[PDB]
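Novice: these chains are from a complex, not moved at all, and more is on the way:
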Amino acid sequence: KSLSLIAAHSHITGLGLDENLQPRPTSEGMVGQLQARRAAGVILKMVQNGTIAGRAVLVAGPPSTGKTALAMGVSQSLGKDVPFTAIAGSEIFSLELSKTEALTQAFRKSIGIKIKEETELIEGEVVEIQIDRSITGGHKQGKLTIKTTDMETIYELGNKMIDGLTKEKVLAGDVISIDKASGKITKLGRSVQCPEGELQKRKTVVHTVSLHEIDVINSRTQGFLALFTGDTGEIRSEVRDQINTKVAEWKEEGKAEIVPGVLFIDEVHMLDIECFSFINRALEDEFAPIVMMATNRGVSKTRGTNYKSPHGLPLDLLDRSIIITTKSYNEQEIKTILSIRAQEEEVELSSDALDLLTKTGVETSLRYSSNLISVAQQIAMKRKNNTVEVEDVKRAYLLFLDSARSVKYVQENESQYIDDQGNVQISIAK
Amino acid sequence: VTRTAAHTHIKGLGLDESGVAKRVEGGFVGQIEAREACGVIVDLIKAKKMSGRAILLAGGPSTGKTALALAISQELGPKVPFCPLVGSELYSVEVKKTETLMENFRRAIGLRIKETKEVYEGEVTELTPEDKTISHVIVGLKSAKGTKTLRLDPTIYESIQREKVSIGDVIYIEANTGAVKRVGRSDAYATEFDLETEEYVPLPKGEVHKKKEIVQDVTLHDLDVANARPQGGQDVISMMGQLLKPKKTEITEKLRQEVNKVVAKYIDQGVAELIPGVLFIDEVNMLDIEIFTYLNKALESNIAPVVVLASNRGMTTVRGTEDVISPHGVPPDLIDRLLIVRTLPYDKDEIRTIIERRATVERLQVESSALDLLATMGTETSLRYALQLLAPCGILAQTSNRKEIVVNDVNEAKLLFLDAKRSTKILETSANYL
Amino acid sequence: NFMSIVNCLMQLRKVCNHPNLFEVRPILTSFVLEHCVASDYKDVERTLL
């Protein structure tokens, strides 16, 4: 399910690992990056352990080298049932919400809670349902026949039960599930399904709810609408201070458990200094997600200050975070990556075209060639041949310019292009 | 008769089946490589396989960037959604720039559904209340071909009471959405009063209950707004509900993911088909770095439709950045995921052909000599100026009753109107700041 | 046949003059989507409350 066409990370699934945590050369869509995969795997098992919370880790490296794909493989390897939050640095800036509250809201979103409830439900086919008007003898008299394969019995309704059966029109011969404790009816189909067995069964219902979702409901009359509508608007901190204690008591009673989810922040270099100052306090608290931050830039100016801090982050935040460095890809890895994308996009590449695509990948960038591999398939589609050819790769190379070539063209054509001073010449002669 | 503003002479890219671009097709001269690489992008969009791909075209002013970006929208067809957008529109007072940028990505992917609606119509015979709670009402609607009675919800009864319907008045009731419309009093009661303000309509022909199916297409974002906020309804509680929070709000990622899931469950039944679209942003050089860096992460998403950018600049500083200098006013990290389509300036002959075809589409006759003058103009001043002076010359020809443009008329138009180069010369030598 | 031609043209002759073809123009009522995602979280709100 979940219709998706093609994604950049669509190929890599779950990073890759062995029981010794030693990464394989090619494992589950992940090539290259030996040490980075091992450190990211240590972080993954650290999250799965859940003994430690509120720790920050930094992923550093050149652009287009082993950075976002790491956190993607960690999120996919973490699997469903555990929370993972990915937000851009520009997304926390909001006109309606303050930067601090919008920054705390993610920390509340990244930690979930599982709540279990036991219910007794009676489900089965209804062959015959009789309902009678009020009489002097009794308020209402009715009998419904719930037929199942193993057992078939008749129940006498409870008044307001009759108001639930008359409330929503029910036709005999459909499979429904009636909730005794909840007091509502659930129709599972028509008799589409078959009766499994005994009418009444005791089941437990587990509900995974994040701390944020618990926090919004209590601050509003209807808070679940404030979840979807994003109108939440700076919940009081007192409410959260009550939520934490109530959750603690729920844990001591054993009625709930907490899952230490992960919080991933893309583009942390563009975060404001105030947010950096709040993160330091937010990490040291009791409930906090494991934080992973990735910045492409380094030795730049922090937003909000005049001075340039190293890596673009304040040193106070760098103390709380552990740094992981990624290395540029070699020539032998680029061809394997482009081959993985070829297998992902249903694109057939000859070895002769793979050599040129690898050479162009080394000379310019990987992101470029991986964009060309998609474009060349249509030029090959006009030739009606199923496999891409060298000539199609060259045509796709001359049609769509690179960045380095476009800069060298702009420098010669600068008189035609607009300039920072606003000067342009649209006249050909004189 | 036919209004023409800087356009409508371009009916498409005009490419053959082999992908080769003709010298002259559909109001396009020169620019063969850009039309070819553009048609490749057209086929890529028709393939639907790629997602989150970005292609920008960089060229000087008047080079035809935007005019080429309209041709791809004409080539995709009206069935494929196209969203023209300007980089200056991403700044909004009510909502942050980020939400306004993410929203357009959802507006660019169209999803067409099919659904059947039930319709009841007929003249009302009896109206009775079944009366804490507002009781239901039995309606006696009388079709021309039959008679049927139906019980109604209390809300649609409230809408009925607000429409001032009476016994013997033709009404229209929608089943699914519960909408209520009254056509008018029945034609048989027209003789009850000699003078009345109420019009009389004939009895609806056919059965009371009627069905049909609609292929109606709705953009995905329009479907998201429905789940996000309430919408108009004939009941008072609906008007108060929509009037409680009129201001637009930012949508959380959770609601978006759920709507995407129900979209998938809709495509599993074969009822709907998801098709991508093209997002076009004019003057990308006007965007702050905060929108660029968000475009870095947003294009990596799978649901992100193909986006096309246009900027004309040299090496310049990115808006919102102090010391950063990058080509085309775009950051270097964002330029990596982008593919570039270069545009070239036209020669004298191509300017002459442009003015010719624009004159033919404008429906105006131009003599050869005045046409050569317009070409020399186009070379010595600008391409836009020669296309600009065309109409005033025709107006002066209307004043002189002439049916064709003459050299004297285009010269007089040169005397009455000035371009930028002359006005700057008057600006350099003046008394007080002309 | 000769009958299929006439009976096929009578529909065009039932169009050009007036849209007599069954003349159904949609009233353009809104979409019927019944999901209301918040209703799925209503029960969770009840349990948490």
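Specialist: Received the coordinates, thanks. Residues are numbered from 1 along each chain as shown, chains lettered A, B, ... in the order given.

Novice: What residues does residue 48 make contact with?
Specialist: I'll assume chain A. residue A:78 (C-beta atoms under 8 Å, 6 or more residues apart in numbering or on different chains). Every C-beta, even on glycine, is put in place using the N, C-alpha and C of the backbone.

Novice: switch to chain C, that's the one I care about
Specialist: Residue C:48 neighbours (C-beta under 8 Å, 6+ apart): A:115, A:209, A:213-214, A:217.

Novice: for residue B:410, same thing?
Specialist: Shown in contact with residue B:410 (C-beta under 8 Å, 6+ apart): B:370, B:373-374, B:377, B:389, B:393.

Novice: how does it look with 10 Å?
Specialist: Counting by C-beta atoms under 10 Å, 6 or more residues apart in numbering or on different chains, residue B:410 touches B:366-367, B:369-371, B:373-374, B:377, B:386, B:389-390, B:392-393, B:396-397.

Novice: How is it assigned, secondary-structure-wise?
Specialist: helix (DSSP: H, G, I helix; E, B strand; the rest coil).

Novice: What is the neighbour count of residue B:196?
Specialist: Around residue B:196 there are 11 other residues, counting by other C-beta atoms under 10 Å in any protein chain shown.

Novice: again but with residue B:208, I slipped
Specialist: Neighbourhood size, residue B:208 [other C-beta under 10 Å]: 20.

Novice: excluding its backbone neighbours, what's nearest it?
Specialist: residue B:143 (4.1 Å; C-beta to C-beta, 6 or more residues apart in numbering or on different chains).

Novice: show me the contacts for the closest residue in space to residue B:149 that isn't next to it in sequence.
Specialist: Among residues not flanking residue B:149 along the chain, residue B:140 sits closest, at 5.4 Å (C-beta to C-beta, 6+ apart). Applying C-beta under 10 Å, 6+ apart to residue B:140 gives the contacts B:122-128, B:147-150, B:167.

Novice: can you rerun that using 7 Å?
Specialist: By C-beta atoms under 7 Å, 6 or more residues apart in numbering or on different chains, the contact list for residue B:140 reads B:124-126, B:149.

Novice: what does residue A:112 give?
Specialist: A:83, A:208-210, A:259, A:261.

Novice: Closest to chain C out of these?
Specialist: The nearest member of the contacts of residue A:112 to chain C, counting by C-beta to the nearest C-beta, is residue A:209 at 6.3 Å.

Novice: Quick check: the gap between the closest one and residue A:85.
Specialist: 15 Å (C-beta to C-beta, to the nearest Å).

Novice: State the helix or strand in which the residue nearest in space to the middle of chain B lies.
Specialist: Centroid check for chain B by C-alpha atoms, centre = their mean gives residue B:83 as the closest residue, at 5.7 Å. In this structure, residue B:83 sits in strand B:82-86 according to DSSP states H and E.

Novice: then add chain D to what we have above:
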Amino acid sequence: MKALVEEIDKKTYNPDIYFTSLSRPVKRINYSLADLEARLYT
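Specialist: This next block brings in chain D, placed alongside the chains you saw above:
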């Protein structure tokens, strides 16, 4: 979901009562004489 419109017959439908119903099967019949005479005389 719940239908806001419900078709109803004037004579057959009543808001009072709501009724829904769907080798060789044979309905059980008591052959006892005192049972039938007991039923008819009560």
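
Novice: Revisit the contacts of residue B:410 given that chain D is now included?
Specialist: The neighbours of residue B:410, taking C-beta under 7 Å, 6+ apart as the test, are B:370, B:373-374, B:389, B:393.

Novice: Among the residues you listed, which are located in helices?
Specialist: Applying DSSP state H to the contacts of residue B:410, the entries found in helices are B:370, B:373-374, B:393.

Novice: Only C-alpha atoms, please: export the longest helix seen in chain C in PDB.
Specialist: Longest helix of chain C, by residue count under DSSP H: helix C:2-16. Provided in PDB are the C-alpha atoms of helix C:2-16 (Å, rounded to 0.1, in the frame of the first residue of the first chain):
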ATOM      1  CA  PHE C   2     -29.800   0.900 -42.700                       C
ATOM      2  CA  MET C   3     -31.600   1.200 -39.400                       C
ATOM      3  CA  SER C   4     -28.500   1.500 -37.300                       C
ATOM      4  CA  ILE C   5     -27.400   4.400 -39.400                       C
ATOM      5  CA  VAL C   6     -30.600   6.400 -38.800                       C
ATOM      6  CA  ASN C   7     -30.900   5.500 -35.200                       C
ATOM      7  CA  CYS C   8     -27.200   6.500 -34.700                       C
ATOM      8  CA  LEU C   9     -27.700   9.900 -36.400                       C
ATOM      9  CA  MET C  10     -30.900  10.600 -34.400                       C
ATOM     10  CA  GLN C  11     -28.700  11.100 -31.300                       C
ATOM     11  CA  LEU C  12     -26.600  13.800 -33.100                       C
ATOM     12  CA  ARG C  13     -29.800  15.400 -34.400                       C
ATOM     13  CA  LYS C  14     -30.900  15.100 -30.700                       C
ATOM     14  CA  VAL C  15     -27.800  17.100 -29.700                       C
ATOM     15  CA  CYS C  16     -27.000  19.900 -32.300                       C
END
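
Novice: Can you confirm whether the very next helix or strand once past it lies near chain D?
Specialist: The helix or strand immediately downstream of helix C:2-16 is helix C:37-48, counting by DSSP H and E. No - judged by C-beta under 7 Å from any C-beta of the partner chain, helix C:37-48 stays clear of chain D, getting no closer than 9.8 Å.

Novice: ok, and for helix C:37-48, which residues are buried?
Specialist: C:37-38, C:41, C:44-45, C:48 (16 or more other C-beta atoms under 10 Å in any protein chain shown).

Novice: Same list (these) but as TSV, adding distance to residue A:248.
Specialist: Shown next, in TSV, are the buried residues of helix C:37-48 (distance: C-beta to C-beta, whole Å):
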residue	distance to residue A:248
C:37	31
C:38	29
C:41	24
C:44	21
C:45	22
C:48	16
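
Novice: State the pair within these that is farthest apart.
Specialist: C:37 and C:48 (17.1 Å; C-beta to C-beta).

Novice: please slot chain E in as well:
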Amino acid sequence: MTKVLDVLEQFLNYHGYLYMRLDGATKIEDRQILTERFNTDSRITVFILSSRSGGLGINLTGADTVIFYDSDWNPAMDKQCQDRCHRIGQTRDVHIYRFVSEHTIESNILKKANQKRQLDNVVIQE
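Specialist: Below, chain E sits with the chains from the block before:
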């Protein structure tokens, strides 16, 4: 077809003219009266008829204009319709119009009949 007549009555009624309809759905007593009423000087601008019913043998001299929405056969049968207007008692020239759509079957019919000099039509294909 008679299904155009009611729509035309809702139109003429929308624009508020004075009209009278004569077709196969009327009686014999209301026919001659609706005829003499139109022939004598009155305020009725338009008189609606049908091809087979009242477009064959009547005497009407009143109208100076003939309008044809659709014509199937016009070697003869349609010629009788406008000849119902032009008569011995008309001192004014008859202006006869015709309604032909563009790029439709009716547009192909007269275009094929103009080249063939309008004898008889068989199949319309274009």
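
Novice: The contacts of residue B:410 again please, chain E included this time.
Specialist: Residue B:410 neighbours (C-beta under 7 Å, 6+ apart): B:370, B:373-374, B:389, B:393.

Novice: do that again at 10 Å, thanks
Specialist: B:366-367, B:369-371, B:373-374, B:377, B:386, B:389-390, B:392-393, B:396-397.

Novice: One more: residue A:193?
Specialist: Counting by C-beta under 10 Å, 6+ apart, residue A:193 makes contact with A:123, A:125, A:174-175.

Novice: ok so, going back, show me the beta-bridge partners of the residue nearest to the centre of chain B.
Specialist: residue B:279 (DSSP bridges).

Novice: pretty sure it contacts residue B:282?
Specialist: No - counting by C-beta atoms under 10 Å, residue B:83 stays clear of residue B:282, with 11.6 Å between them.

Novice: Could you check which residue of chain E lies nearest chain B?
Specialist: residue E:10 (8.5 Å).

Novice: Compute the distance between the closest residue to residue B:402 other than its chain neighbours and chain D, please.
Specialist: Excluding the flanking residues, the one nearest residue B:402 by C-beta to C-beta, 6+ apart is residue B:409, at 7.5 Å. Distance of residue B:409 to chain D, computed by C-beta to the nearest C-beta, to the nearest Å: 69 Å.

Novice: show me the contacts for residue B:409.
Specialist: Counted by C-beta under 10 Å, 6+ apart, residue B:409 has contacts B:367, B:370, B:373, B:389, B:392-397, B:399-400, B:402.

Novice: got it, and residue B:71?
Specialist: B:10-15, B:26-28, B:34-35, B:38-39, B:42, B:64.

Novice: what about it, which SS state?
Specialist: helix.

Novice: Up against chain C, what does chain A have?
Specialist: Within reach of chain C by C-beta under 10 Å from any C-beta of the partner chain, chain A has these residues: A:113, A:115, A:117, A:182, A:184, A:205, A:207-209, A:213-214, A:216-218, A:222-225, A:227-229.

Novice: can you do 7 Å?
Specialist: A:115, A:117, A:207, A:209, A:214, A:217, A:224-225, A:228.

Novice: just the buried members of these?
Specialist: A:115, A:209, A:214, A:217, A:224-225, A:228.

Novice: Tell me which stretches of the chain form helices.
Specialist: Chain wasn't specified; assuming chain A. Under DSSP H, chain A gives helices at A:34-49, A:68-78, A:99-109, A:160-167, A:211-219, A:224-229, A:237-253, A:273-283, A:315-320, A:331-344, A:351-363, A:366-382, A:390-399, A:403-413.

Novice: wrong one, I was asking about chain D
Specialist: Under DSSP H, chain D gives helices at D:33-40.

Novice: which residue does it bring closest to chain A?
Specialist: The minimum distance from chain D to chain A, using C-beta to the nearest C-beta, falls at residue D:16 (3.6 Å).
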